[PDB]
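Next comes data.tsv, a file with TSV, C-alpha atoms.
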chain	number	residue	atom	x	y	z
V	33	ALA	CA	-0.08	-19.16	-11.24
V	34	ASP	CA	1.71	-19.31	-7.89
V	35	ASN	CA	1.75	-15.50	-7.94
V	36	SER	CA	-1.95	-15.37	-7.07
V	37	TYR	CA	-4.03	-16.32	-4.04
V	38	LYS	CA	-5.92	-19.62	-3.96
V	39	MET	CA	-9.50	-18.44	-4.45
V	40	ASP	CA	-11.03	-21.78	-5.48
V	41	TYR	CA	-11.77	-23.06	-1.97
V	42	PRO	CA	-15.31	-24.42	-1.31
V	43	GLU	CA	-16.24	-20.95	-0.05
V	44	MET	CA	-14.97	-17.39	-0.44
V	45	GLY	CA	-14.96	-16.39	3.22
V	46	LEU	CA	-16.61	-14.13	5.78
V	47	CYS	CA	-17.68	-10.54	5.18
V	48	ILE	CA	-18.22	-8.89	8.56
V	49	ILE	CA	-19.88	-5.52	7.99
V	50	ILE	CA	-19.84	-3.58	11.26
V	51	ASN	CA	-22.09	-0.51	11.12
V	52	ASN	CA	-21.54	2.16	13.79
V	53	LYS	CA	-23.61	5.21	12.88
V	54	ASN	CA	-25.09	5.61	16.36
V	67	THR	CA	-24.24	4.36	6.38
V	68	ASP	CA	-27.19	2.00	5.92
V	69	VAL	CA	-27.21	2.90	2.22
V	70	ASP	CA	-23.63	1.63	2.17
V	71	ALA	CA	-24.15	-1.38	4.45
V	72	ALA	CA	-26.79	-2.76	2.08
V	73	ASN	CA	-24.70	-1.80	-0.94
V	74	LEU	CA	-21.75	-3.68	0.56
V	75	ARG	CA	-23.97	-6.64	1.42
V	76	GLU	CA	-25.43	-7.09	-2.07
V	77	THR	CA	-21.98	-6.57	-3.59
V	78	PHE	CA	-20.15	-9.21	-1.55
V	79	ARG	CA	-23.07	-11.63	-1.83
V	80	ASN	CA	-22.58	-11.65	-5.60
V	81	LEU	CA	-18.95	-12.47	-4.82
V	82	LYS	CA	-20.20	-15.58	-2.99
V	83	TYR	CA	-19.13	-14.34	0.44
V	84	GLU	CA	-20.75	-15.02	3.81
V	85	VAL	CA	-21.99	-11.55	4.74
V	86	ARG	CA	-22.78	-10.74	8.38
V	87	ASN	CA	-24.13	-7.26	9.11
V	88	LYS	CA	-23.55	-5.91	12.62
V	89	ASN	CA	-24.99	-2.68	14.02
V	90	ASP	CA	-23.90	-0.33	16.82
V	91	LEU	CA	-21.44	-2.62	18.58
V	92	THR	CA	-19.65	-1.44	21.73
V	93	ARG	CA	-15.86	-1.65	21.67
V	94	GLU	CA	-15.95	-4.75	23.88
V	95	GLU	CA	-18.44	-6.41	21.53
V	96	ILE	CA	-16.30	-5.66	18.48
V	97	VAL	CA	-13.29	-7.31	20.13
V	98	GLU	CA	-15.50	-10.21	21.24
V	99	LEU	CA	-16.80	-10.74	17.71
V	100	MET	CA	-13.45	-10.65	15.91
V	101	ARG	CA	-11.98	-12.98	18.54
V	102	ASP	CA	-14.68	-15.61	18.04
V	103	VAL	CA	-14.28	-15.39	14.26
V	104	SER	CA	-10.56	-16.13	14.65
V	105	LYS	CA	-11.56	-19.33	16.46
V	106	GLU	CA	-13.86	-20.34	13.59
V	107	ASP	CA	-12.87	-22.90	10.97
V	108	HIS	CA	-11.97	-21.04	7.77
V	109	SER	CA	-10.42	-24.20	6.30
V	110	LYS	CA	-12.98	-24.16	3.48
V	111	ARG	CA	-12.90	-20.38	3.11
V	112	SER	CA	-10.67	-18.54	0.64
V	113	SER	CA	-10.32	-15.19	2.41
V	114	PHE	CA	-11.69	-12.85	5.07
V	115	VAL	CA	-13.23	-9.41	4.58
V	116	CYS	CA	-13.97	-6.99	7.42
V	117	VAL	CA	-15.79	-3.71	6.84
V	118	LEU	CA	-15.74	-1.02	9.53
V	119	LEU	CA	-18.03	2.00	9.30
V	120	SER	CA	-17.75	4.68	11.99
V	127	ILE	CA	-12.05	3.11	14.42
V	128	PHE	CA	-14.62	4.16	17.01
V	129	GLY	CA	-17.04	1.79	18.70
V	130	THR	CA	-20.24	3.21	20.19
V	131	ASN	CA	-18.70	2.71	23.63
V	132	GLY	CA	-15.28	4.12	22.78
V	133	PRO	CA	-12.25	4.00	20.45
V	134	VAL	CA	-10.81	0.61	19.51
V	135	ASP	CA	-7.16	0.09	18.64
V	136	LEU	CA	-7.08	-1.59	15.22
V	137	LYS	CA	-4.22	-3.77	16.46
V	138	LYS	CA	-6.48	-5.37	19.08
V	139	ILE	CA	-8.64	-6.57	16.17
V	140	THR	CA	-5.89	-7.69	13.79
V	141	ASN	CA	-3.89	-9.68	16.36
V	142	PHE	CA	-6.53	-12.42	16.28
V	143	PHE	CA	-5.98	-12.94	12.56
V	144	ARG	CA	-2.18	-12.80	12.73
V	145	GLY	CA	-0.52	-15.59	10.74
V	146	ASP	CA	0.33	-17.77	13.73
V	147	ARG	CA	-2.73	-16.81	15.80
V	148	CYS	CA	-5.25	-17.84	13.15
V	149	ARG	CA	-3.89	-21.04	11.60
V	150	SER	CA	-7.03	-21.43	9.49
V	151	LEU	CA	-6.44	-18.17	7.59
V	152	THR	CA	-2.65	-18.47	7.36
V	153	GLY	CA	-1.52	-17.63	3.84
V	154	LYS	CA	-4.97	-16.27	3.02
V	155	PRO	CA	-5.70	-12.57	2.42
V	156	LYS	CA	-7.43	-10.57	5.16
V	157	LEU	CA	-9.18	-7.48	3.80
V	158	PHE	CA	-10.07	-4.57	6.09
V	159	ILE	CA	-12.28	-1.95	4.46
V	160	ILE	CA	-12.48	1.04	6.81
V	161	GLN	CA	-14.70	4.11	6.49
V	162	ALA	CA	-14.10	6.79	9.12
V	185	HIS	CA	-1.70	4.86	16.95
V	186	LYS	CA	0.29	2.94	14.32
V	187	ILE	CA	-1.14	0.44	11.84
V	188	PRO	CA	-0.49	-3.33	12.19
V	189	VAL	CA	2.03	-4.49	9.58
V	190	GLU	CA	1.33	-8.21	9.22
V	191	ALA	CA	1.64	-10.51	6.20
V	192	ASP	CA	-1.37	-11.14	3.94
V	193	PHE	CA	-3.17	-8.16	5.49
V	194	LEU	CA	-4.72	-5.21	3.67
V	195	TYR	CA	-6.23	-1.89	4.69
V	196	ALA	CA	-8.26	0.31	2.35
V	197	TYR	CA	-9.46	3.27	4.40
V	198	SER	CA	-10.95	6.68	3.62
V	199	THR	CA	-11.59	9.59	5.99
V	212	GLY	CA	-24.03	6.98	0.88
V	213	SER	CA	-20.31	7.66	1.25
V	214	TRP	CA	-18.27	8.28	-1.91
V	215	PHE	CA	-15.60	5.74	-0.99
V	216	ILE	CA	-18.05	2.88	-0.48
V	217	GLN	CA	-20.44	3.63	-3.35
V	218	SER	CA	-17.52	3.71	-5.79
V	219	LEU	CA	-15.89	0.61	-4.31
V	220	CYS	CA	-19.10	-1.38	-4.74
V	221	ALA	CA	-19.42	-0.08	-8.29
V	222	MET	CA	-15.86	-1.17	-9.09
V	223	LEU	CA	-16.30	-4.56	-7.44
V	224	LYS	CA	-19.53	-4.98	-9.38
V	225	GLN	CA	-17.78	-4.34	-12.69
V	226	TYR	CA	-14.12	-5.32	-12.33
V	227	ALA	CA	-14.09	-8.23	-9.86
V	228	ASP	CA	-14.02	-10.76	-12.69
V	229	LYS	CA	-11.41	-8.77	-14.61
V	230	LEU	CA	-8.92	-6.72	-12.61
V	231	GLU	CA	-6.78	-7.67	-9.62
V	232	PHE	CA	-7.80	-6.15	-6.28
V	233	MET	CA	-5.02	-3.53	-6.30
V	234	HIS	CA	-6.15	-2.38	-9.72
V	235	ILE	CA	-9.75	-2.32	-8.51
V	236	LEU	CA	-8.80	-0.25	-5.45
V	237	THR	CA	-6.79	2.02	-7.75
V	238	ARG	CA	-9.88	2.78	-9.84
V	239	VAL	CA	-11.59	3.70	-6.58
V	240	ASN	CA	-8.75	6.08	-5.73
V	241	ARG	CA	-9.14	7.79	-9.10
V	242	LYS	CA	-12.93	7.82	-8.98
V	243	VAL	CA	-13.13	9.29	-5.47
V	244	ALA	CA	-10.42	11.88	-6.16
V	245	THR	CA	-12.32	12.83	-9.31
V	246	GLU	CA	-15.49	13.36	-7.27
V	247	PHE	CA	-13.55	15.63	-4.90
V	248	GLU	CA	-12.36	17.75	-7.84
V	249	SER	CA	-15.93	18.64	-8.83
V	261	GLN	CA	-8.44	14.00	0.16
V	262	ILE	CA	-8.15	10.47	-1.22
V	263	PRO	CA	-8.61	6.86	0.00
V	264	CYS	CA	-5.53	5.03	1.29
V	265	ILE	CA	-4.31	1.54	0.41
V	266	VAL	CA	-2.08	-0.27	2.91
V	267	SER	CA	-0.93	-3.49	1.25
V	268	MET	CA	0.98	-6.34	2.88
V	269	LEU	CA	-0.29	-8.99	0.47
V	270	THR	CA	2.29	-11.48	-0.80
V	271	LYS	CA	0.25	-12.59	-3.81
V	272	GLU	CA	-2.17	-11.17	-6.37
V	273	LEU	CA	-5.87	-11.25	-5.51
V	274	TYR	CA	-8.56	-12.18	-8.03
V	275	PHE	CA	-12.23	-12.62	-7.10
V	276	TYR	CA	-12.70	-15.36	-9.70
V	277	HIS	CA	-11.40	-18.81	-10.65
X	33	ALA	CA	-7.32	4.01	-21.89
X	34	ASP	CA	-6.68	6.47	-19.06
X	35	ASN	CA	-6.10	3.63	-16.59
X	36	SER	CA	-2.31	3.77	-16.83
X	37	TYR	CA	-0.08	6.74	-15.99
X	38	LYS	CA	1.29	8.62	-18.98
X	39	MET	CA	4.87	7.33	-19.14
X	40	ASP	CA	5.76	8.32	-22.71
X	41	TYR	CA	7.13	11.75	-21.79
X	42	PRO	CA	10.57	12.59	-23.28
X	43	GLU	CA	12.08	11.71	-19.88
X	44	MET	CA	11.17	9.01	-17.35
X	45	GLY	CA	11.93	11.41	-14.52
X	46	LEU	CA	14.31	11.93	-11.61
X	47	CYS	CA	15.52	9.28	-9.18
X	48	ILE	CA	16.99	10.73	-5.98
X	49	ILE	CA	18.99	8.23	-3.94
X	50	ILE	CA	19.85	9.35	-0.41
X	51	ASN	CA	22.39	7.00	1.16
X	52	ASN	CA	22.70	7.82	4.86
X	53	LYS	CA	25.13	5.09	5.88
X	54	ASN	CA	27.03	6.86	8.67
X	65	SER	CA	29.24	-2.39	3.44
X	66	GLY	CA	25.58	-3.35	3.14
X	67	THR	CA	23.72	-0.13	2.33
X	68	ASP	CA	26.50	0.81	-0.10
X	69	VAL	CA	25.60	-2.25	-2.16
X	70	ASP	CA	21.97	-1.13	-1.91
X	71	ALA	CA	22.77	2.27	-3.40
X	72	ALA	CA	25.02	0.75	-6.07
X	73	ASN	CA	22.22	-1.64	-7.02
X	74	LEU	CA	19.52	1.04	-7.02
X	75	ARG	CA	21.74	3.13	-9.29
X	76	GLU	CA	22.13	0.44	-11.94
X	77	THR	CA	18.48	-0.60	-11.65
X	78	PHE	CA	16.83	2.78	-12.22
X	79	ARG	CA	19.53	3.74	-14.73
X	80	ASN	CA	18.38	0.98	-17.08
X	81	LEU	CA	14.84	2.22	-16.47
X	82	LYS	CA	16.08	5.44	-18.10
X	83	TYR	CA	15.84	7.60	-14.99
X	84	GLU	CA	18.09	10.55	-14.19
X	85	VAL	CA	19.78	9.31	-11.02
X	86	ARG	CA	21.17	11.85	-8.56
X	87	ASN	CA	23.19	10.57	-5.60
X	88	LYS	CA	23.57	11.93	-2.06
X	89	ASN	CA	25.54	10.64	0.93
X	90	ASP	CA	25.00	11.27	4.64
X	91	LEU	CA	22.71	14.30	4.48
X	92	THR	CA	21.54	16.05	7.64
X	93	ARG	CA	17.78	16.24	8.17
X	94	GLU	CA	17.86	19.83	6.89
X	95	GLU	CA	19.86	19.03	3.76
X	96	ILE	CA	17.21	16.46	2.85
X	97	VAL	CA	14.30	18.89	3.15
X	98	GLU	CA	16.02	21.60	1.09
X	99	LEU	CA	17.01	18.93	-1.44
X	100	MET	CA	13.38	17.95	-2.01
X	101	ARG	CA	12.52	21.65	-1.92
X	102	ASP	CA	14.86	22.37	-4.83
X	103	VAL	CA	13.71	19.34	-6.83
X	104	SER	CA	10.06	20.36	-6.45
X	105	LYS	CA	11.00	23.74	-7.93
X	106	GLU	CA	12.47	22.15	-11.06
X	107	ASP	CA	10.65	21.81	-14.38
X	108	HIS	CA	9.39	18.22	-14.52
X	109	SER	CA	7.22	19.14	-17.52
X	110	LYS	CA	9.13	16.73	-19.76
X	111	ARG	CA	9.31	14.07	-17.05
X	112	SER	CA	6.94	11.14	-16.49
X	113	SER	CA	7.45	10.50	-12.78
X	114	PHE	CA	9.58	11.09	-9.69
X	115	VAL	CA	11.35	8.51	-7.54
X	116	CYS	CA	13.03	9.15	-4.19
X	117	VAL	CA	14.96	6.38	-2.43
X	118	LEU	CA	15.78	6.95	1.23
X	119	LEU	CA	18.37	4.78	2.98
X	120	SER	CA	18.76	5.57	6.68
X	121	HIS	CA	19.10	3.86	10.07
X	122	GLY	CA	18.13	4.17	13.73
X	123	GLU	CA	15.00	3.88	15.85
X	124	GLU	CA	12.07	6.22	16.58
X	125	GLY	CA	11.18	7.11	12.99
X	126	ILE	CA	11.30	5.92	9.39
X	127	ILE	CA	13.59	8.52	7.80
X	128	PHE	CA	16.77	9.80	9.43
X	129	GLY	CA	19.39	12.41	8.67
X	130	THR	CA	22.87	12.27	10.19
X	131	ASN	CA	21.58	14.55	12.95
X	132	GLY	CA	18.05	13.28	13.53
X	133	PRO	CA	14.81	11.83	12.12
X	134	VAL	CA	13.04	13.50	9.19
X	135	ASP	CA	9.26	13.80	9.09
X	136	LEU	CA	7.80	12.50	5.81
X	137	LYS	CA	5.04	15.09	6.24
X	138	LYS	CA	7.66	17.74	5.46
X	139	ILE	CA	9.35	15.93	2.57
X	140	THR	CA	6.17	15.17	0.62
X	141	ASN	CA	4.46	18.54	1.10
X	142	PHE	CA	6.59	20.14	-1.63
X	143	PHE	CA	5.27	17.65	-4.19
X	144	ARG	CA	1.56	18.16	-3.56
X	145	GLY	CA	-0.57	18.71	-6.67
X	146	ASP	CA	-1.11	22.41	-6.07
X	147	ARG	CA	2.49	23.05	-4.98
X	148	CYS	CA	4.12	21.17	-7.86
X	149	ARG	CA	2.47	21.95	-11.20
X	150	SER	CA	5.04	19.88	-13.08
X	151	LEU	CA	4.33	16.61	-11.26
X	152	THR	CA	0.55	16.96	-11.12
X	153	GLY	CA	-1.23	13.75	-12.10
X	154	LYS	CA	2.14	12.01	-12.15
X	155	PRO	CA	3.25	9.24	-9.76
X	156	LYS	CA	5.63	10.21	-6.95
X	157	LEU	CA	7.47	7.15	-5.65
X	158	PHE	CA	9.14	7.16	-2.23
X	159	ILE	CA	11.12	4.00	-1.49
X	160	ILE	CA	12.00	4.00	2.20
X	161	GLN	CA	14.43	1.66	3.97
X	162	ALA	CA	14.71	2.09	7.74
X	163	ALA	CA	17.52	-0.02	9.18
X	164	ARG	CA	17.35	-0.80	12.90
X	186	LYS	CA	1.74	9.80	10.58
X	187	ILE	CA	1.65	8.93	6.88
X	188	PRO	CA	0.79	11.86	4.56
X	189	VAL	CA	-2.21	10.85	2.44
X	190	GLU	CA	-1.85	12.64	-0.90
X	191	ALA	CA	-3.02	11.70	-4.40
X	192	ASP	CA	-0.57	10.06	-6.83
X	193	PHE	CA	1.82	9.20	-3.99
X	194	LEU	CA	3.29	5.82	-3.07
X	195	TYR	CA	5.47	4.64	-0.20
X	196	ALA	CA	7.37	1.35	-0.29
X	197	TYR	CA	8.28	1.09	3.39
X	198	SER	CA	10.59	-1.55	4.86
X	199	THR	CA	12.07	-2.15	8.31
X	200	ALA	CA	14.69	-4.88	8.75
X	201	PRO	CA	17.51	-4.98	11.34
X	207	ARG	CA	25.99	-3.36	7.40
X	208	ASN	CA	28.67	-5.82	6.23
X	209	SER	CA	26.50	-7.90	3.91
X	210	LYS	CA	27.92	-8.74	0.49
X	211	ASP	CA	24.36	-8.56	-0.84
X	212	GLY	CA	23.07	-5.76	1.39
X	213	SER	CA	19.49	-5.17	2.50
X	214	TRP	CA	16.84	-7.77	1.70
X	215	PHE	CA	14.09	-5.38	0.59
X	216	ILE	CA	16.36	-3.39	-1.73
X	217	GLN	CA	18.08	-6.36	-3.37
X	218	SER	CA	14.68	-8.01	-3.84
X	219	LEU	CA	13.21	-4.80	-5.25
X	220	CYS	CA	16.09	-4.35	-7.69
X	221	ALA	CA	15.89	-7.99	-8.77
X	222	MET	CA	12.11	-7.88	-9.19
X	223	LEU	CA	12.32	-4.61	-11.13
X	224	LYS	CA	15.15	-5.76	-13.40
X	225	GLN	CA	13.03	-8.78	-14.31
X	226	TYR	CA	9.36	-7.78	-14.27
X	227	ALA	CA	9.35	-4.09	-15.27
X	228	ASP	CA	8.82	-5.19	-18.88
X	229	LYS	CA	5.57	-6.97	-18.02
X	230	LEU	CA	4.28	-6.34	-14.49
X	231	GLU	CA	2.73	-3.21	-13.00
X	232	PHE	CA	4.48	-1.59	-10.03
X	233	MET	CA	2.00	-2.89	-7.43
X	234	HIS	CA	2.46	-6.44	-8.69
X	235	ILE	CA	6.23	-5.99	-8.61
X	236	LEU	CA	6.10	-4.74	-5.02
X	237	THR	CA	3.75	-7.60	-4.15
X	238	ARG	CA	6.37	-10.13	-5.25
X	239	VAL	CA	8.97	-8.19	-3.26
X	240	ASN	CA	6.76	-8.58	-0.18
X	241	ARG	CA	6.54	-12.33	-0.77
X	242	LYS	CA	10.31	-12.66	-1.10
X	243	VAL	CA	11.25	-10.64	1.99
X	244	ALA	CA	8.60	-12.46	4.02
X	245	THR	CA	9.99	-15.79	2.80
X	246	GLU	CA	13.46	-14.88	4.09
X	247	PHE	CA	11.91	-14.05	7.46
X	248	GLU	CA	10.67	-17.62	7.85
X	249	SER	CA	14.21	-19.01	7.68
X	262	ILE	CA	7.36	-7.56	5.95
X	263	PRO	CA	7.59	-4.47	3.68
X	264	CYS	CA	4.62	-2.09	3.78
X	265	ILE	CA	2.99	-0.55	0.72
X	266	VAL	CA	1.04	2.70	1.04
X	267	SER	CA	-0.53	3.58	-2.31
X	268	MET	CA	-2.64	6.59	-3.26
X	269	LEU	CA	-2.00	6.16	-6.98
X	270	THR	CA	-4.97	6.92	-9.24
X	271	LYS	CA	-3.62	5.00	-12.23
X	272	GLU	CA	-1.56	1.91	-13.04
X	273	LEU	CA	2.21	2.31	-13.25
X	274	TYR	CA	4.15	0.50	-15.98
X	275	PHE	CA	7.81	1.24	-16.65
X	276	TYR	CA	7.46	1.10	-20.44
X	277	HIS	CA	5.83	2.89	-23.37
Take the structure from the file and write it as structure tokens.
Amino acid sequence: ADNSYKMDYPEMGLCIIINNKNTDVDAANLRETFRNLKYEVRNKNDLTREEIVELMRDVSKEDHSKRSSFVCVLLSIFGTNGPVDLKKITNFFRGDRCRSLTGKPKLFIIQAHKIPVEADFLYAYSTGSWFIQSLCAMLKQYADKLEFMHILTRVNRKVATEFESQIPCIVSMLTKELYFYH
Amino acid sequence: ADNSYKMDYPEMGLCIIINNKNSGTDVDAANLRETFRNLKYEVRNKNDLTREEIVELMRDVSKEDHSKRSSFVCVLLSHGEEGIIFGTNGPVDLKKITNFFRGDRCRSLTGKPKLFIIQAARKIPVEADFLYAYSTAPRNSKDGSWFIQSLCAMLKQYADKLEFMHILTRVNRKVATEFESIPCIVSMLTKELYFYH
């Protein structure tokens, strides 16, 4: 069982949902979904690029010692003020930078410069929305069954199917399997 | 039941190994040969191809009849900076290599997994049913590269039980462990990939 992530901590973790439409059907759908997964959902709206950096920096300083993971959802990446480099956001949660989340998975769900390749990180981005509505539907049905890569794979098939009648992208640097149950 | 790729075709598929060494990477190629050979793949071997010879190679393969084949694997072993894939004369753009195997372009490999294992010794094309196992670690090693030898060991042990993503996940954990004393996975697969039927 050392091939899986430790998801039996007192909590599950934070679920920062940053909404930059200026997607609300998705933001609420993501909220209700991750709340059932016992996460600590925090919905943000129309944050400038300086505010996004400020937020993610303060979260890195938080105590995630009781939290299992960290989920960040970006819907726009572009801030309302300008374009943010994804690296500027991820650097805070780098293994050595954030000691509290070291060894824990950091999920970045993005709905729209190289991509940060750091351990225990994950990017599932597509370019309400079909990607989010299907992801919530898969997390609602297969979170207590399938591993997260298998869940994201069903999303890839479901979205591609919808396009038949372009496909989401999974960037995995996880070192262990991820199950949303214990 | 349509959650796993159809892997019971008469043939498992092709496995192109491009060894641009210009040793360590020679052990990589020798290990990748034995590994995919036991996985019942048709392994074709190339050595020190120019960046044009690579493109026309993938061009010819895409024009073959993979109707009786389950999948397609392409292992790229190159070196140098400013890029991820290199010929003996310059860097190759993955955008040009993968375009031949798009669903509309390649009828034979439509709905089938195309695996591209890339090792780059020192813009990603997003297409359905494609996967890129990308590593970057900086010649005389008796074992060879870390990512390759870990991939071959994890495949020769867990292909009978684990799905490809779970195999690559354990490869990530092993290469990252050696760093203490990380490979990148880009997956657009629509189904699960098991190397058995």
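With only C-alpha atoms as the atoms that count, the residue of V:73, V:150, V:98, V:228 with the shortest distance to residue 215 (chain V) is V:73.
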Exercise: region 40-52 of chain V partners within 6 Å, all atoms listed in the file, chain neighbours under 3 positions left out, as an MDAnalysis selection string: chainID V and resid 83:90 110:120 277
Which residues of chain X have any atom within 10 Å of an atom in chain V when counting all atoms listed in the file, and what is the closest pair of atoms for each, with the distance in Å to one decimal? Order the rows by chain and rising number and write it as JSON lines.
{"residue": "X:35", "atom": "CA", "partner": "V:238", "partner_atom": "CA", "distance": 7.8}
{"residue": "X:186", "atom": "CA", "partner": "V:186", "partner_atom": "CA", "distance": 7.9}
{"residue": "X:187", "atom": "CA", "partner": "V:186", "partner_atom": "CA", "distance": 9.6}
{"residue": "X:188", "atom": "CA", "partner": "V:264", "partner_atom": "CA", "distance": 9.9}
{"residue": "X:189", "atom": "CA", "partner": "V:264", "partner_atom": "CA", "distance": 6.8}
{"residue": "X:190", "atom": "CA", "partner": "V:262", "partner_atom": "CA", "distance": 6.7}
{"residue": "X:191", "atom": "CA", "partner": "V:262", "partner_atom": "CA", "distance": 6.2}
{"residue": "X:192", "atom": "CA", "partner": "V:241", "partner_atom": "CA", "distance": 9.2}
{"residue": "X:193", "atom": "CA", "partner": "V:264", "partner_atom": "CA", "distance": 10.0}
{"residue": "X:194", "atom": "CA", "partner": "V:265", "partner_atom": "CA", "distance": 9.4}
{"residue": "X:195", "atom": "CA", "partner": "V:266", "partner_atom": "CA", "distance": 9.5}
{"residue": "X:196", "atom": "CA", "partner": "V:267", "partner_atom": "CA", "distance": 9.7}
{"residue": "X:231", "atom": "CA", "partner": "V:234", "partner_atom": "CA", "distance": 9.5}
{"residue": "X:233", "atom": "CA", "partner": "V:233", "partner_atom": "CA", "distance": 7.1}
{"residue": "X:234", "atom": "CA", "partner": "V:272", "partner_atom": "CA", "distance": 7.0}
{"residue": "X:236", "atom": "CA", "partner": "V:270", "partner_atom": "CA", "distance": 8.8}
{"residue": "X:237", "atom": "CA", "partner": "V:270", "partner_atom": "CA", "distance": 5.3}
{"residue": "X:238", "atom": "CA", "partner": "V:270", "partner_atom": "CA", "distance": 6.2}
{"residue": "X:239", "atom": "CA", "partner": "V:270", "partner_atom": "CA", "distance": 7.8}
{"residue": "X:240", "atom": "CA", "partner": "V:270", "partner_atom": "CA", "distance": 5.4}
{"residue": "X:241", "atom": "CA", "partner": "V:270", "partner_atom": "CA", "distance": 4.3}
{"residue": "X:242", "atom": "CA", "partner": "V:270", "partner_atom": "CA", "distance": 8.1}
{"residue": "X:243", "atom": "CA", "partner": "V:270", "partner_atom": "CA", "distance": 9.4}
{"residue": "X:244", "atom": "CA", "partner": "V:191", "partner_atom": "CA", "distance": 7.5}
{"residue": "X:245", "atom": "CA", "partner": "V:270", "partner_atom": "CA", "distance": 9.5}
{"residue": "X:262", "atom": "CA", "partner": "V:191", "partner_atom": "CA", "distance": 6.4}
{"residue": "X:263", "atom": "CA", "partner": "V:268", "partner_atom": "CA", "distance": 6.9}
{"residue": "X:264", "atom": "CA", "partner": "V:268", "partner_atom": "CA", "distance": 5.7}
{"residue": "X:265", "atom": "CA", "partner": "V:267", "partner_atom": "CA", "distance": 4.9}
{"residue": "X:266", "atom": "CA", "partner": "V:266", "partner_atom": "CA", "distance": 4.7}
{"residue": "X:267", "atom": "CA", "partner": "V:265", "partner_atom": "CA", "distance": 5.1}
{"residue": "X:268", "atom": "CA", "partner": "V:264", "partner_atom": "CA", "distance": 5.6}
{"residue": "X:269", "atom": "CA", "partner": "V:237", "partner_atom": "CA", "distance": 6.4}
{"residue": "X:270", "atom": "CA", "partner": "V:241", "partner_atom": "CA", "distance": 4.3}
{"residue": "X:271", "atom": "CA", "partner": "V:237", "partner_atom": "CA", "distance": 6.2}
{"residue": "X:272", "atom": "CA", "partner": "V:234", "partner_atom": "CA", "distance": 7.1}
Go ahead and write the residues just picked, C-alpha atoms, as a CSV table (one decimal), in the frame of the given file.
chain,number,residue,atom,x,y,z
X,35,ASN,CA,-6.1,3.6,-16.6
X,186,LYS,CA,1.7,9.8,10.6
X,187,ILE,CA,1.6,8.9,6.9
X,188,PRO,CA,0.8,11.9,4.6
X,189,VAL,CA,-2.2,10.8,2.4
X,190,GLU,CA,-1.8,12.6,-0.9
X,191,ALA,CA,-3.0,11.7,-4.4
X,192,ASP,CA,-0.6,10.1,-6.8
X,193,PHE,CA,1.8,9.2,-4.0
X,194,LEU,CA,3.3,5.8,-3.1
X,195,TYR,CA,5.5,4.6,-0.2
X,196,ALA,CA,7.4,1.4,-0.3
X,231,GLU,CA,2.7,-3.2,-13.0
X,233,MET,CA,2.0,-2.9,-7.4
X,234,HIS,CA,2.5,-6.4,-8.7
X,236,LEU,CA,6.1,-4.7,-5.0
X,237,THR,CA,3.8,-7.6,-4.2
X,238,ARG,CA,6.4,-10.1,-5.2
X,239,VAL,CA,9.0,-8.2,-3.3
X,240,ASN,CA,6.8,-8.6,-0.2
X,241,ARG,CA,6.5,-12.3,-0.8
X,242,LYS,CA,10.3,-12.7,-1.1
X,243,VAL,CA,11.2,-10.6,2.0
X,244,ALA,CA,8.6,-12.5,4.0
X,245,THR,CA,10.0,-15.8,2.8
X,262,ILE,CA,7.4,-7.6,6.0
X,263,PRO,CA,7.6,-4.5,3.7
X,264,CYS,CA,4.6,-2.1,3.8
X,265,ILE,CA,3.0,-0.6,0.7
X,266,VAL,CA,1.0,2.7,1.0
X,267,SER,CA,-0.5,3.6,-2.3
X,268,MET,CA,-2.6,6.6,-3.3
X,269,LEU,CA,-2.0,6.2,-7.0
X,270,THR,CA,-5.0,6.9,-9.2
X,271,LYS,CA,-3.6,5.0,-12.2
X,272,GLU,CA,-1.6,1.9,-13.0
Which residue of X:50, X:72, X:97, X:81 approaches residue 225 (chain X) most closely, using all atoms listed in the file: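 Between X:50, X:72, X:97, X:81, the residue approaching residue 225 (chain X) most closely is X:81.
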Between CA of residue 66 (chain X) and CA of residue 215 (chain X) - distance in Å to one decimal: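 These atoms are spaced 11.9 Å apart.
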Residues within 12 Å of residue 132 (chain V), all atoms listed in the file, excluding chain neighbours under 4 positions, as a PyMOL selection string: chain V and resi 52+54+90-97+120+127-128
Gap from CA of residue 36 (chain X) to CA of residue 274 (chain X) - Å, one decimal: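 CA of residue 36 (chain X) sits 7.3 Å away from CA of residue 274 (chain X).
Atom pair CA of residue 129 (chain X) / CA of residue 86 (chain X) has a distance of 17.3 Å (rounded to one decimal).
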